[PDB]
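Structure file upload-v5.tsv (TSV, C-alpha atoms) follows.
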```tsv
chain	number	residue	atom	x	y	z
A	19	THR	CA	0.00	0.00	0.00
A	20	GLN	CA	2.90	2.36	-0.76
A	21	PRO	CA	2.97	5.27	-3.28
A	22	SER	CA	6.06	3.99	-5.12
A	23	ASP	CA	4.05	0.91	-6.13
A	24	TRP	CA	1.52	2.89	-8.20
A	25	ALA	CA	2.43	3.51	-11.83
A	26	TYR	CA	1.32	6.49	-13.89
A	27	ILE	CA	-0.92	5.16	-16.67
A	28	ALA	CA	-2.17	8.30	-18.47
A	31	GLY	CA	-11.24	14.15	-17.62
A	32	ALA	CA	-8.76	16.38	-15.82
A	33	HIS	CA	-7.72	13.58	-13.48
A	34	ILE	CA	-4.74	11.22	-13.38
A	35	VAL	CA	-4.97	7.45	-13.23
A	36	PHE	CA	-2.51	5.09	-11.64
A	37	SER	CA	-2.10	1.38	-12.03
A	38	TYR	CA	-1.15	-1.11	-9.36
A	39	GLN	CA	1.06	-2.70	-12.03
A	40	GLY	CA	4.17	-2.84	-9.88
A	41	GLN	CA	2.88	-4.41	-6.70
A	42	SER	CA	3.25	-7.73	-4.89
A	43	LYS	CA	0.40	-6.89	-2.54
A	44	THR	CA	-3.17	-8.20	-2.60
A	45	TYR	CA	-5.67	-6.15	-4.66
A	46	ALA	CA	-3.30	-6.38	-7.60
A	47	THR	CA	-6.05	-6.11	-10.22
A	48	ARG	CA	-7.42	-2.62	-9.49
A	49	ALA	CA	-6.50	0.95	-10.53
A	50	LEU	CA	-6.53	4.37	-8.82
A	51	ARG	CA	-7.66	7.75	-10.20
A	52	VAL	CA	-6.90	11.10	-8.53
A	53	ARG	CA	-7.52	14.71	-9.64
A	54	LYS	CA	-4.55	17.01	-8.96
A	60	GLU	CA	-14.50	22.55	-6.56
A	61	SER	CA	-17.80	24.42	-6.45
A	62	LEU	CA	-20.78	23.53	-4.24
A	63	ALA	CA	-23.00	23.35	-7.34
A	64	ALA	CA	-20.41	21.08	-8.95
A	65	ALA	CA	-20.14	18.79	-5.92
A	66	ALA	CA	-23.95	18.65	-5.78
A	67	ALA	CA	-24.25	17.56	-9.42
A	68	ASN	CA	-21.44	15.02	-9.09
A	69	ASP	CA	-23.29	13.69	-6.03
A	70	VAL	CA	-26.48	13.10	-7.98
A	71	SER	CA	-24.42	11.55	-10.77
A	72	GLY	CA	-23.05	9.14	-8.16
A	73	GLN	CA	-26.57	8.33	-6.97
A	74	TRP	CA	-27.38	7.85	-10.64
A	75	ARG	CA	-24.36	5.63	-11.18
A	76	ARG	CA	-24.96	3.47	-8.10
A	77	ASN	CA	-28.76	3.24	-7.84
A	78	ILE	CA	-30.51	4.42	-11.02
A	79	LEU	CA	-28.25	3.39	-13.93
A	80	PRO	CA	-28.16	-0.32	-13.02
A	81	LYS	CA	-31.92	-0.38	-13.79
A	82	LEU	CA	-31.31	0.61	-17.42
A	83	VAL	CA	-28.03	-1.21	-18.07
A	84	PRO	CA	-27.29	-4.66	-16.58
A	85	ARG	CA	-24.63	-4.69	-13.86
A	86	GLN	CA	-22.52	-7.16	-15.84
A	87	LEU	CA	-21.82	-4.47	-18.43
A	88	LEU	CA	-21.00	-1.83	-15.83
A	89	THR	CA	-17.67	-1.12	-14.13
A	90	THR	CA	-17.59	-0.96	-10.35
A	91	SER	CA	-15.87	1.85	-8.46
A	92	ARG	CA	-15.14	2.32	-4.75
A	93	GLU	CA	-14.46	5.72	-3.21
A	94	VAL	CA	-11.29	5.99	-1.12
A	95	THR	CA	-9.60	8.46	1.26
A	96	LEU	CA	-5.88	9.16	0.80
A	97	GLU	CA	-3.67	10.91	3.39
A	98	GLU	CA	-2.24	14.35	2.65
A	99	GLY	CA	1.42	13.34	2.52
A	100	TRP	CA	0.59	10.18	0.64
A	101	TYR	CA	-0.87	12.20	-2.26
A	102	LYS	CA	2.08	14.59	-2.53
A	103	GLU	CA	4.53	11.72	-2.96
A	104	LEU	CA	2.43	10.23	-5.77
A	105	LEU	CA	2.39	13.39	-7.89
A	106	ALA	CA	6.07	14.23	-7.67
A	107	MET	CA	7.15	11.21	-9.72
A	108	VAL	CA	7.32	11.14	-13.53
A	128	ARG	CA	-7.44	14.21	-1.03
A	129	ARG	CA	-9.87	11.40	-1.81
A	130	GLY	CA	-9.79	9.28	-4.96
A	131	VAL	CA	-11.50	6.31	-6.56
A	132	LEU	CA	-10.42	2.71	-7.01
A	133	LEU	CA	-11.35	1.27	-10.39
A	134	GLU	CA	-11.03	-2.03	-12.19
A	135	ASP	CA	-7.61	-2.20	-13.81
A	136	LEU	CA	-8.71	-3.41	-17.23
A	137	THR	CA	-6.06	-1.80	-19.42
A	138	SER	CA	-2.82	-2.60	-17.55
A	139	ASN	CA	-0.63	-5.70	-17.34
A	140	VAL	CA	-1.92	-7.46	-14.23
A	141	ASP	CA	-1.49	-11.20	-14.96
A	142	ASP	CA	1.16	-13.55	-13.45
A	143	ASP	CA	1.25	-15.23	-16.85
A	144	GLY	CA	3.22	-12.38	-18.32
A	145	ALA	CA	0.18	-12.30	-20.57
A	146	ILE	CA	-0.16	-9.06	-22.52
A	147	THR	CA	-3.39	-7.12	-21.98
A	148	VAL	CA	-5.18	-6.02	-25.15
A	149	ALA	CA	-7.98	-3.47	-24.85
A	150	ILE	CA	-10.13	-1.51	-27.29
A	151	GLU	CA	-12.25	1.60	-26.73
A	152	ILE	CA	-14.98	2.46	-29.24
A	153	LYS	CA	-17.33	5.42	-29.53
A	154	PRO	CA	-20.21	3.67	-31.36
A	155	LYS	CA	-22.25	6.88	-31.89
A	156	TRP	CA	-25.99	6.89	-32.64
A	157	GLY	CA	-27.39	3.48	-33.51
A	158	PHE	CA	-30.40	4.89	-35.32
A	159	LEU	CA	-31.84	7.57	-37.57
A	160	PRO	CA	-34.81	9.72	-36.54
A	161	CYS	CA	-38.09	9.05	-38.33
A	162	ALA	CA	-39.19	11.51	-41.01
A	163	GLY	CA	-42.56	11.72	-39.25
A	164	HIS	CA	-41.00	13.51	-36.27
A	165	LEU	CA	-38.71	15.99	-38.02
A	166	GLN	CA	-39.94	19.55	-37.63
A	167	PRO	CA	-38.59	21.85	-40.33
A	168	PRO	CA	-39.58	20.24	-43.68
A	169	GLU	CA	-36.33	21.53	-45.21
A	170	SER	CA	-34.35	19.39	-42.76
A	171	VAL	CA	-36.41	16.19	-42.99
A	172	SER	CA	-34.60	14.43	-45.86
A	173	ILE	CA	-31.17	15.26	-44.39
A	174	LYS	CA	-31.68	14.05	-40.80
A	175	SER	CA	-33.67	11.05	-42.03
A	176	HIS	CA	-30.82	9.81	-44.23
A	177	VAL	CA	-27.64	11.37	-42.89
A	178	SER	CA	-26.36	10.25	-39.49
A	179	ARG	CA	-25.43	12.67	-36.73
A	180	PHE	CA	-21.87	11.41	-37.05
A	181	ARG	CA	-21.66	12.33	-40.75
A	182	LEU	CA	-23.33	15.68	-40.03
A	183	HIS	CA	-20.98	16.51	-37.15
A	184	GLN	CA	-17.93	15.32	-39.10
A	185	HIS	CA	-18.89	17.57	-42.01
A	186	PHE	CA	-19.45	20.57	-39.75
A	187	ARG	CA	-15.92	20.41	-38.38
A	188	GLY	CA	-14.39	20.41	-41.85
A	189	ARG	CA	-13.55	16.72	-41.70
A	190	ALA	CA	-14.28	14.15	-44.41
A	191	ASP	CA	-18.02	14.28	-45.12
A	192	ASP	CA	-18.07	10.56	-45.94
A	193	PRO	CA	-16.14	8.62	-43.28
A	194	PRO	CA	-15.48	4.86	-43.80
A	195	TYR	CA	-17.10	4.16	-40.44
A	196	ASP	CA	-20.91	4.12	-40.40
A	197	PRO	CA	-22.63	3.61	-37.02
A	198	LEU	CA	-25.64	1.95	-38.67
A	199	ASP	CA	-23.31	-0.77	-39.93
A	200	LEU	CA	-22.05	-1.42	-36.40
A	201	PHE	CA	-25.57	-1.46	-34.92
A	202	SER	CA	-27.06	-3.54	-37.75
A	203	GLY	CA	-26.43	-6.99	-36.29
A	204	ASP	CA	-25.04	-8.10	-39.65
A	205	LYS	CA	-21.59	-9.69	-39.35
A	206	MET	CA	-20.24	-8.32	-42.65
A	207	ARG	CA	-21.56	-4.84	-41.87
A	208	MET	CA	-20.14	-4.77	-38.34
A	209	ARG	CA	-16.86	-5.90	-39.84
A	210	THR	CA	-16.85	-3.00	-42.33
A	211	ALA	CA	-17.53	-0.57	-39.49
A	212	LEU	CA	-14.59	-1.92	-37.48
A	213	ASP	CA	-12.35	-1.67	-40.55
A	214	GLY	CA	-13.55	1.91	-41.03
A	215	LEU	CA	-12.62	2.65	-37.44
A	216	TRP	CA	-9.13	1.23	-38.12
A	217	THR	CA	-8.84	3.39	-41.24
A	218	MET	CA	-9.71	6.65	-39.48
A	219	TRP	CA	-7.41	5.66	-36.61
A	220	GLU	CA	-4.55	5.17	-39.07
A	221	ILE	CA	-5.27	8.38	-41.00
A	222	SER	CA	-5.46	10.37	-37.77
A	223	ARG	CA	-2.27	8.64	-36.66
A	224	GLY	CA	-4.03	7.29	-33.57
A	225	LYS	CA	-5.42	10.64	-32.44
A	226	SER	CA	-9.06	9.87	-33.27
A	227	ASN	CA	-11.15	9.49	-30.12
A	228	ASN	CA	-13.53	7.01	-31.78
A	229	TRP	CA	-11.01	4.18	-31.77
A	230	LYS	CA	-8.36	3.53	-29.10
A	231	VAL	CA	-6.18	0.44	-28.75
A	232	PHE	CA	-4.31	-0.41	-25.57
A	233	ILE	CA	-1.35	-2.80	-25.46
A	234	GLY	CA	0.49	-3.37	-22.18
A	235	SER	CA	-1.48	-0.36	-20.91
A	236	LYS	CA	0.23	1.77	-23.55
A	237	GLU	CA	-1.99	3.63	-25.99
A	238	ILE	CA	-0.83	2.37	-29.37
A	239	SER	CA	-0.20	4.51	-32.45
A	240	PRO	CA	0.09	3.24	-36.04
A	241	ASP	CA	3.93	3.31	-36.04
A	242	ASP	CA	4.03	1.38	-32.78
A	243	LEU	CA	2.30	-1.41	-34.72
A	244	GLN	CA	5.17	-1.91	-37.18
A	245	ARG	CA	7.67	-1.54	-34.37
A	246	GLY	CA	8.29	-5.20	-33.55
A	247	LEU	CA	8.09	-5.22	-29.77
A	248	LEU	CA	5.58	-8.04	-29.32
A	249	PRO	CA	5.33	-11.83	-29.85
A	250	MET	CA	2.68	-10.93	-32.42
A	251	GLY	CA	3.50	-8.94	-35.54
A	252	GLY	CA	1.81	-5.62	-36.27
A	253	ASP	CA	-0.74	-6.54	-38.93
A	254	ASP	CA	-1.49	-9.98	-37.40
A	255	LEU	CA	-2.35	-8.10	-34.20
A	256	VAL	CA	-4.81	-5.90	-36.09
A	257	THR	CA	-6.60	-8.92	-37.57
A	258	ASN	CA	-7.02	-10.71	-34.24
A	259	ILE	CA	-8.11	-7.49	-32.53
A	260	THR	CA	-10.81	-6.95	-35.16
A	261	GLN	CA	-11.98	-10.55	-34.97
A	262	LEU	CA	-11.84	-10.53	-31.18
A	263	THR	CA	-13.87	-7.31	-30.98
A	264	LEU	CA	-16.27	-8.48	-33.68
A	265	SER	CA	-16.99	-11.69	-31.76
A	266	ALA	CA	-17.34	-9.87	-28.45
A	267	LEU	CA	-19.76	-7.27	-29.83
A	268	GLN	CA	-22.00	-9.84	-31.53
A	269	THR	CA	-22.37	-11.96	-28.38
A	270	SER	CA	-23.03	-9.05	-26.01
A	271	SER	CA	-26.39	-7.33	-25.92
A	272	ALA	CA	-24.62	-3.99	-25.49
A	273	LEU	CA	-25.22	-2.72	-29.04
A	274	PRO	CA	-28.93	-3.63	-29.35
A	275	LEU	CA	-29.49	-2.38	-25.79
A	276	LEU	CA	-27.68	0.90	-26.48
A	277	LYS	CA	-29.70	1.60	-29.61
A	278	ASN	CA	-33.02	1.20	-27.76
A	279	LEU	CA	-31.94	3.54	-24.95
A	280	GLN	CA	-30.68	6.07	-27.51
A	281	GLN	CA	-33.98	5.82	-29.40
A	282	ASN	CA	-36.55	5.56	-26.60
A	283	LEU	CA	-35.17	8.48	-24.59
A	284	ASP	CA	-35.17	10.60	-27.76
A	285	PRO	CA	-38.41	9.19	-29.30
A	286	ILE	CA	-39.58	12.19	-31.39
A	287	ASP	CA	-36.23	13.95	-32.08
A	288	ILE	CA	-34.92	17.20	-30.57
A	289	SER	CA	-36.71	19.30	-33.22
A	290	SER	CA	-40.18	18.23	-32.08
A	291	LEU	CA	-39.19	18.37	-28.40
A	292	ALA	CA	-38.13	21.96	-29.07
A	293	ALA	CA	-41.54	22.51	-30.67
A	294	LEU	CA	-43.32	21.19	-27.57
A	295	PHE	CA	-41.30	23.59	-25.44
A	296	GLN	CA	-42.47	26.55	-27.56
A	297	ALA	CA	-46.17	25.77	-26.97
A	298	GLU	CA	-45.54	25.84	-23.22
A	299	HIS	CA	-43.29	28.90	-23.14
A	300	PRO	CA	-44.00	31.25	-26.06
A	301	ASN	CA	-42.81	33.69	-23.44
A	302	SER	CA	-39.13	32.84	-23.64
A	303	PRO	CA	-36.26	31.73	-25.86
A	304	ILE	CA	-36.26	27.95	-26.41
A	305	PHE	CA	-34.73	25.89	-23.60
A	306	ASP	CA	-33.90	28.98	-21.56
A	307	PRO	CA	-31.53	27.83	-18.77
A	308	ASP	CA	-33.45	29.84	-16.15
A	309	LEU	CA	-36.55	27.88	-17.19
A	310	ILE	CA	-34.91	24.48	-16.79
A	311	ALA	CA	-34.55	23.39	-13.17
A	312	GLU	CA	-31.75	21.12	-12.00
A	313	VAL	CA	-32.64	17.42	-11.71
A	314	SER	CA	-32.66	15.72	-8.31
A	315	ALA	CA	-31.81	12.06	-7.80
A	316	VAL	CA	-35.41	11.56	-6.70
A	317	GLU	CA	-36.83	13.17	-9.86
A	318	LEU	CA	-34.37	11.30	-12.06
A	319	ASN	CA	-35.12	7.95	-10.44
A	320	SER	CA	-38.85	8.62	-10.67
A	321	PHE	CA	-38.74	9.06	-14.44
A	322	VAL	CA	-36.57	5.99	-15.03
A	323	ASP	CA	-39.19	3.86	-13.28
A	324	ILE	CA	-41.97	5.19	-15.54
A	325	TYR	CA	-39.61	4.62	-18.48
A	326	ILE	CA	-39.04	0.97	-17.56
A	327	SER	CA	-42.80	0.51	-17.27
A	328	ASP	CA	-43.22	1.44	-20.94
A	329	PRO	CA	-40.04	2.48	-22.83
A	330	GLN	CA	-41.87	3.19	-26.10
A	331	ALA	CA	-44.36	5.53	-24.42
A	332	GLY	CA	-42.30	8.53	-25.57
A	333	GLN	CA	-43.67	8.11	-29.08
A	334	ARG	CA	-47.21	8.96	-27.96
A	335	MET	CA	-48.33	12.38	-26.73
A	336	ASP	CA	-50.44	11.24	-23.78
A	337	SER	CA	-47.44	9.90	-21.87
A	338	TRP	CA	-44.34	11.76	-20.69
A	339	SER	CA	-44.46	15.35	-19.50
A	340	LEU	CA	-42.32	18.12	-20.97
A	341	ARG	CA	-40.05	18.14	-17.90
A	342	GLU	CA	-39.79	14.35	-18.19
A	343	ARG	CA	-38.91	14.68	-21.89
A	344	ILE	CA	-36.13	17.15	-21.10
A	345	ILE	CA	-34.82	14.68	-18.52
A	346	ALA	CA	-35.21	11.80	-20.98
A	347	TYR	CA	-33.29	13.66	-23.67
A	348	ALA	CA	-30.43	14.41	-21.27
A	349	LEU	CA	-30.28	10.69	-20.51
A	350	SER	CA	-30.34	9.98	-24.24
A	351	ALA	CA	-27.26	12.15	-24.62
A	352	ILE	CA	-25.30	9.87	-22.28
A	353	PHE	CA	-26.00	6.68	-24.24
A	354	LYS	CA	-25.43	8.49	-27.54
A	355	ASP	CA	-21.97	9.70	-26.51
A	356	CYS	CA	-20.82	6.74	-24.41
A	357	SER	CA	-18.00	4.27	-25.14
A	358	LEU	CA	-17.70	0.51	-25.55
A	359	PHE	CA	-14.77	-1.37	-24.02
A	360	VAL	CA	-13.39	-4.70	-25.29
A	361	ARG	CA	-10.61	-6.47	-23.38
A	362	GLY	CA	-8.46	-9.35	-24.60
A	363	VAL	CA	-5.31	-11.20	-23.59
A	364	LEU	CA	-2.22	-12.15	-25.59
A	365	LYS	CA	-1.08	-15.37	-23.92
A	366	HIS	CA	1.52	-18.16	-24.18
A	371	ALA	CA	2.60	-20.02	-29.84
A	372	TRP	CA	0.94	-16.70	-28.99
A	373	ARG	CA	-2.84	-16.24	-29.24
A	374	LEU	CA	-5.42	-13.50	-28.55
A	375	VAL	CA	-8.12	-14.58	-26.08
A	376	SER	CA	-11.17	-12.96	-24.46
A	377	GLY	CA	-11.34	-12.77	-20.69
A	378	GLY	CA	-14.57	-12.64	-18.72
A	379	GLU	CA	-17.19	-10.26	-20.08
A	380	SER	CA	-14.85	-8.62	-22.58
A	381	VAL	CA	-17.35	-5.86	-23.36
A	382	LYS	CA	-18.24	-3.04	-20.96
A	383	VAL	CA	-20.21	0.18	-21.40
A	384	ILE	CA	-18.26	3.12	-19.96
A	385	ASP	CA	-18.36	6.92	-19.68
A	386	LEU	CA	-21.91	6.95	-18.31
A	387	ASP	CA	-21.80	10.05	-16.09
A	388	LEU	CA	-24.76	12.44	-16.04
A	389	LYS	CA	-24.80	15.40	-18.43
A	390	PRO	CA	-26.08	18.80	-17.24
A	391	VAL	CA	-29.75	19.18	-18.18
A	392	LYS	CA	-29.33	22.90	-19.00
A	393	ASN	CA	-27.09	21.87	-21.89
A	394	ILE	CA	-30.14	20.91	-23.94
A	395	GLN	CA	-30.20	24.47	-25.32
A	396	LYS	CA	-26.65	23.97	-26.54
A	397	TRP	CA	-27.60	20.57	-27.93
A	398	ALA	CA	-30.58	21.97	-29.84
A	399	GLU	CA	-28.42	24.77	-31.23
A	400	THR	CA	-25.71	22.30	-32.26
A	401	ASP	CA	-28.36	20.14	-33.94
A	402	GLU	CA	-29.96	22.91	-36.03
A	403	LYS	CA	-26.56	24.27	-36.97
A	404	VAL	CA	-25.25	20.93	-38.35
A	405	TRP	CA	-28.22	20.18	-40.62
A	406	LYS	CA	-28.29	23.82	-41.79
A	407	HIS	CA	-24.59	23.64	-42.69
A	408	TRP	CA	-25.20	20.39	-44.55
A	409	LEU	CA	-28.06	21.92	-46.53
A	410	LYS	CA	-26.03	25.01	-47.38
A	411	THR	CA	-22.99	23.08	-48.63
A	412	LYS	CA	-23.86	19.48	-49.53
A	413	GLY	CA	-27.58	19.22	-50.19
A	414	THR	CA	-30.57	17.21	-49.03
A	415	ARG	CA	-29.06	13.73	-48.63
```
Encoding of this model in structure tokens:
Amino acid sequence: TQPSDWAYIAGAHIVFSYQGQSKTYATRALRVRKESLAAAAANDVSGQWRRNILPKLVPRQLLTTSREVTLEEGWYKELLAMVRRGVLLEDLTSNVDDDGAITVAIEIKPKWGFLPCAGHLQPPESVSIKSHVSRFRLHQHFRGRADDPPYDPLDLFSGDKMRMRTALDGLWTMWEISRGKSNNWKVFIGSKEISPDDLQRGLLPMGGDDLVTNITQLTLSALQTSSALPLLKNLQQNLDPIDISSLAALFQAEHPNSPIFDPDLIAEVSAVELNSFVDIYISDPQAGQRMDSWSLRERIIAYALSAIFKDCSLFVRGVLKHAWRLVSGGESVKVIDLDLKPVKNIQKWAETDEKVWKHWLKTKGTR
């Protein structure tokens, strides 16, 4: 339990791995930061959300456990020299096996697993675009990136083996072109975040390109077996049942008074309010489609929840062991980055949404 034994392993926090330790509790990691009351408050409800509410929507098997811990003052200062209270995580990316087995991990940002129905899209000018062009393609185009990326989220969420394979290859392609700086695809080997030139550097029992093939196949197999992708799509869809454009329309009927999604008009969400809605949601997830179901406040809450599952990540872990082979360990797929998003940000989200389809119309067209 000494500070020397923790190894620096890459939001604005720092993570450490117990990857140089002969003690018990070898297979866990530690994250430490280096605070406003309103910030602590929100992070407290997010915790309540993470512990009590979120397991209702996503099965516990696909969730990562965390335990809050108190570290002495001196203890912390020693740990940050080398080149408060923190949290103990599962060490899924580091080398933790007696075997000398090499840990192989992949992080994917799957994006939206669906397209909004034409029947719900508000401005008629935008209907054909949002009904046929994914948010990913729209957002990519807006930032001046390639307007037709090789990765298509609908391929990954399709359930078709050849389609899912094409999506994974597309993720590899963008990773290579971005020289490993793309956030959509991250590969971890020996806890080190790999870049394309690290691949052709021969430091492993497995060659560069042979590693890529097994990683793709390993991930492909893991994603097909897990219910993570079909489950994610339904949460993305149900919590945003009639698109942001119509939800914005509903808001205007209620408050012709004010600008749309005015922050002063949107109250902060309590754990009690949040948990209350999730229970009604579980009772009938597809209720959001009808107009005699969820309230406006509930829809704003639902949409904020939708944003989490839309922007979350998928984690696939494998092991290079022993001839050398790539093998899956336990439940290789996990759904991570599931913290709460501030509900007042819906105004920003609506503005981002209108802006991306408008930019597409202005420069590329209607499809």
Worksheet entry | residue A:352 surroundings by all atoms listed in the file, 8 Å radius, close-in-sequence under 4 positions cut, as a PyMOL selection string | chain A and resi 348+356+385-389
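Of note, atom CA of residue A:403 and atom CA of residue A:163 are spaced 20.5 Å apart.
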Discussion item. Please list as number ranges by chain every residue within 10 Å of residue A:200, counting all atoms listed in the file and excluding residues in the same chain fewer than 2 positions away.
Written reply: A: 154-157, 195-198, 202-212, 264, 267-268, 273
Give me, as a short mmCIF file (atom, residue, chain, number, x, y, z; two decimals) with C-alpha atoms, in the frame of the given file, all polymer residues having an atom no more than 9 Å from stretch 411-413 of chain A, counting only C-alpha atoms and skipping those fewer than 5 positions away in the same chain.
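Saved to result-v8.cif:
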```cif
data_model
loop_
_atom_site.label_atom_id
_atom_site.label_comp_id
_atom_site.auth_asym_id
_atom_site.auth_seq_id
_atom_site.Cartn_x
_atom_site.Cartn_y
_atom_site.Cartn_z
CA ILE A 173 -31.17 15.26 -44.39
CA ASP A 191 -18.02 14.28 -45.12
CA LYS A 406 -28.29 23.82 -41.79
#
```
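Distances from A:319, A:269, A:139, A:357 to residue A:76 were compared using all atoms listed in the file, and the smallest one belongs to A:319.
When all atoms listed in the file are used to compute distances to residue A:349, the closest of the residues A:280, A:320, A:228, A:137 turns out to be A:280.
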Response to the item:
Taken to one decimal, the atom CA of residue A:297-atom CA of residue A:339 distance is 12.9 Å
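Closest approach to residue A:142 from the set A:299, A:40, A:78, A:279 is made by A:40, with distances taken over all atoms listed in the file.
Each of A:410, A:293, A:303, A:318 was checked against residue A:164 using only C-alpha atoms; the smallest atom-to-atom distance is that of A:293.
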Give me, as a CSV table (one decimal) with C-alpha atoms, in the coordinates of the input, all polymer residues having an atom no more than 9 Å from stretch 165-168 of chain A, counting only C-alpha atoms and skipping those fewer than 2 positions away in the same chain.
```csv
chain,number,residue,atom,x,y,z
A,160,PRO,CA,-34.8,9.7,-36.5
A,161,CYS,CA,-38.1,9.0,-38.3
A,162,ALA,CA,-39.2,11.5,-41.0
A,163,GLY,CA,-42.6,11.7,-39.2
A,170,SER,CA,-34.4,19.4,-42.8
A,171,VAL,CA,-36.4,16.2,-43.0
A,172,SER,CA,-34.6,14.4,-45.9
A,174,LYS,CA,-31.7,14.0,-40.8
A,175,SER,CA,-33.7,11.0,-42.0
A,286,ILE,CA,-39.6,12.2,-31.4
A,287,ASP,CA,-36.2,14.0,-32.1
A,288,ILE,CA,-34.9,17.2,-30.6
A,289,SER,CA,-36.7,19.3,-33.2
A,290,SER,CA,-40.2,18.2,-32.1
A,293,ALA,CA,-41.5,22.5,-30.7
```
Item to complete: Just give me the gap between atom CA of residue A:227 and atom CA of residue A:252 in Å, one decimal is fine.
Response: 20.8 Å
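Residue nearest residue A:265 within the list A:381, A:132, A:391, A:27: A:381 [criterion: smallest interatomic distance, all atoms listed in the file].
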With all atoms listed in the file as the counted atoms, please give the residues lying no more than 12 Å from residue A:337, apart from itself and same-chain residues fewer than 3 positions off, as a PDB file with C-alpha atoms, in the frame of the given file.
```
ATOM      1  CA  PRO A 285     -38.410   9.190 -29.300  1.00  0.00           C
ATOM      2  CA  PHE A 321     -38.740   9.060 -14.440  1.00  0.00           C
ATOM      3  CA  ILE A 324     -41.970   5.190 -15.540  1.00  0.00           C
ATOM      4  CA  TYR A 325     -39.610   4.620 -18.480  1.00  0.00           C
ATOM      5  CA  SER A 327     -42.800   0.510 -17.270  1.00  0.00           C
ATOM      6  CA  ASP A 328     -43.220   1.440 -20.940  1.00  0.00           C
ATOM      7  CA  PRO A 329     -40.040   2.480 -22.830  1.00  0.00           C
ATOM      8  CA  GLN A 330     -41.870   3.190 -26.100  1.00  0.00           C
ATOM      9  CA  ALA A 331     -44.360   5.530 -24.420  1.00  0.00           C
ATOM     10  CA  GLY A 332     -42.300   8.530 -25.570  1.00  0.00           C
ATOM     11  CA  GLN A 333     -43.670   8.110 -29.080  1.00  0.00           C
ATOM     12  CA  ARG A 334     -47.210   8.960 -27.960  1.00  0.00           C
ATOM     13  CA  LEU A 340     -42.320  18.120 -20.970  1.00  0.00           C
ATOM     14  CA  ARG A 341     -40.050  18.140 -17.900  1.00  0.00           C
ATOM     15  CA  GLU A 342     -39.790  14.350 -18.190  1.00  0.00           C
ATOM     16  CA  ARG A 343     -38.910  14.680 -21.890  1.00  0.00           C
TER      17      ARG A 343
END
```
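Taking only C-alpha atoms into account, residue A:19 lies nearest to A:41 out of the set A:301, A:380, A:41, A:71.
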Report the centre and edge lengths, in Å to one decimal, of an axis-aligned box enclosing every atom of stretch 169-176 of chain A listed in the file, padded by 6 Å on each side, as lines of an AutoDock Vina configuration file.
```
center_x = -33.6
center_y = 15.7
center_z = -43.3
size_x = 17.6
size_y = 23.7
size_z = 17.1
```
Practice prompt. With all atoms listed in the file counted, which protein, DNA or RNA residues have an atom no more than 12 Å from (-24.7, 21.0, -16.1) in the file frame? Please answer as a ChimeraX atom specification.
Written response: /A:63-68,70-71,307,310-313,348,387-396
